[PDB]
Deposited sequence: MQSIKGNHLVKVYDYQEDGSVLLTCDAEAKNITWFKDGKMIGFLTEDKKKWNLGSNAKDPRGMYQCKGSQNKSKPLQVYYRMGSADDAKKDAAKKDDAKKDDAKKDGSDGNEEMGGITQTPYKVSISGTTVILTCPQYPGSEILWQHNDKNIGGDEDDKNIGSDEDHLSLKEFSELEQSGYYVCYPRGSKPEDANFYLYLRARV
């Protein structure tokens, strides 16, 4: 989530005064080249380096990745609601996330570098196979980076993280 290790250089700037979604690239600044769903969407030659996705009210979504002088970074699955990606389902006030890779092995989940869905002491947070259920989703509290990983592996080794921002 907060760390860029594992080629997860793409992060969301949560220092916005207006409801605009800005993306940042953690690469040696020379020129940042941005991509969305594989296609190039911009080329920043020095000066600015953040990518503006527009107002959050337009529900920006897509697999965003950047690239400096090295090779492209891992994707950042953006999912706003105001390679196989994570599946997001909203039903009333319940948000359900589906792990893209479910080989049948132990699926674990983490939210902002914090484990979730393991303890049964949480009625509003259940983990059922490759599905993470979030009941009574709190926009300000439950939004952020999410990632699923198999027991024994490092979360940073995931093919990409999921950035969820939802008003329910």
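Exercise for the section: Pop the missing stretches of the deposited sequence into a list, counting residues from 1 and keeping sequence order. Expected result: Residues missing from the model, as numbered along the full deposited sequence, span only 83-118.
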